[PDB]
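Visitor: The structure follows.
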Amino acid sequence: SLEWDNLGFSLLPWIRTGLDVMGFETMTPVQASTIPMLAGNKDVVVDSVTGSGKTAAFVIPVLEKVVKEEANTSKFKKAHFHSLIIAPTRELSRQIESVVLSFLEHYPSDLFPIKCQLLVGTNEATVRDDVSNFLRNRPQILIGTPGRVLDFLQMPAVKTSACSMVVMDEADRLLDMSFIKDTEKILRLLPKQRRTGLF
RNA sequence: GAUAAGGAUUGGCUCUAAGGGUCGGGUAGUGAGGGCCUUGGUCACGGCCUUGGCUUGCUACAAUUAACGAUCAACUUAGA
Numbered sequence: 694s695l696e697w698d699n700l701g702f703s704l705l706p707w708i709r710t711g712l713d714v715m716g717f718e719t720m721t722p723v724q725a726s727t728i729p730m731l732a733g734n735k736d737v738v739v740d741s742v743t744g745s746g747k748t749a750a751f752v753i754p755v756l757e758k759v760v761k762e763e764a765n766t767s768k769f770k771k772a773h774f775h776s777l778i779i780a781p782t783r784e785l786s787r788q789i790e791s792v793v794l795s796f797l798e799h800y801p802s803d804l805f806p807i808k809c810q811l812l813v814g815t816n817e818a819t820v821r822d823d824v825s826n827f828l829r830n831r832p833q834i835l836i837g838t839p840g841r842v843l844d845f846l847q848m849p850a851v852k853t854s855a856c857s858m859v860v861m862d863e864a865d866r867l868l869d870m871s872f873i874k875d876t877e878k879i880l881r882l883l884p885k886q887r888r889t890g891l892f
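Number 697 in our numbering belongs to position 4 of the first sequence; there are no gaps in the numbering.
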């Protein structure tokens with residue numbers, strides 16, 4: 694059908710509003726076959742052509758899971774996060790973060806906010822600045838490259854126990870021989886019982 | 001001992017945390033401060049009150065590959 698209205702789990706009104714303002718005029722086959730399952734207690738391994746709605750395909754289920762598990766509430770603890778997103782290059786992670794910000798533009802007020810933080814290797818911010826504003830702003834989404842997110846997670850001030858969603862974009866590149874050393878540690882730190890999406 | 005070698009001309013892959021600290025960018029206009037001047041009254045070369053002409057601030061165009069440069073501080077042969 695490729696219609697947003699007739700999907701299995703009736704996407705949230707603000708996510709639907711963001712989709713309509715952005716458009717796409719419909720949902721692509723990737724987003725039609727991945728969103729129902731990645732939010733439905735199934736890990737996902739997705740192969741698709743470039744520019745086929747993959748980024749939204751793994752961003753919408755992330756927000757759905759964040760809202761579903763009561764991550765956007767006062768009950769959520771400090772120095773904890775919900776979802777992690779990993780990409781092999783800094784520009785790709787920044788672009789993913791921009792997409793997430795665009796989706797969160799239409800997030801309603803009068804509720805506990807949902808935020809994201811980008812963790813890339815930069816000369817404008819040490820890892821301790823990242824820890825400081827992570828503690829202050831309390832986001833639920835982390836997006837970054839393997840090196841800086843590994844350094845961030847290794848800091849004792851950050852607790853990974855509440856994470857329930859890991860996404861690896863360009864997962865063939867992140868499981869490459871060069872990247873496997875860092876990603877093995879990154880996944881070693883995080884809890885095993887989780888939902889994984891490789892794209 | 002990592003990093004392709006170890007008498008030779010050593011410089012050696014892509015992406016991915018950090019790689020000692022610090023400082024520094026133009027040309028123009030007008031306000032400010034200092035410096036040399038100078039002009040009157042005033043008190044025995046020196047004060048007092050007044051008159052007209054290197055640092056920094058605000059605006060207007062180039063540069064944003066400063067992806068450069070400067071300075072301070074560290075360091076020596078793992079071979080038997």
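All C-beta atoms, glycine included, are put in the ideal place defined by N, C-alpha and C.
Name the DSSP bridge partner or partners of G890?
Guide: In the DSSP output, where bridge partners are listed per residue, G890 has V737 and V860.
Visitor: Taking the alpha carbon of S745 as the point to measure from, which residue in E763, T721, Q833 and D823 has its own alpha carbon closest?
Guide: If we check each option's Cα against that of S745, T721 comes out closest.
Visitor: From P801, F892, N826 and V738, pick the residue whose C-alpha is nearest to that of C809; which is it?
Guide: When only C-alpha atoms are compared, the closest one is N826.
Visitor: What would DSSP say about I789, mapped onto helix, strand or coil?
Guide: Helix.
Visitor: Assess, as a yes-or-no matter, whether the segment 813 to 828 is touched by the segment 855 to 874 under the definition of 3 or more beta carbon pairs within less than 8 Å.
Guide: No, because fewer than three Cβ pairs between the segment 855 to 874 and the segment 813 to 828 fall closer than 8 Å, the two stretches do not touch.
Visitor: Count Cβ pairs between the segment 868 to 877 and the segment 788 to 800 that sit closer than 8 Å; are there 3 or more?
Guide: With the cut-off at 8 Å, the segment 868 to 877 and the segment 788 to 800 do not touch.
Visitor: Just mark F717 as buried or exposed, buried being the case when its beta carbon has 16 or more other beta carbons within 10 Å.
Guide: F717 is exposed by the Cβ-count criterion.
Visitor: Closest by CA to residue 896, which one among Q724, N699, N765 and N830?
Guide: Beyond the ends of the chain as shown, which are 694 and 892, falls residue 896; an answer cannot be given.
Visitor: Is it the case that the Cβ atoms of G711 and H775 are separated by a distance below 8 Å?
Guide: Not a contact, by the Cβ cut-off of 8 Å.
Visitor: Cα separation between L700 and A780?
Guide: If I take the Cα positions, the gap works out to 28 Å.
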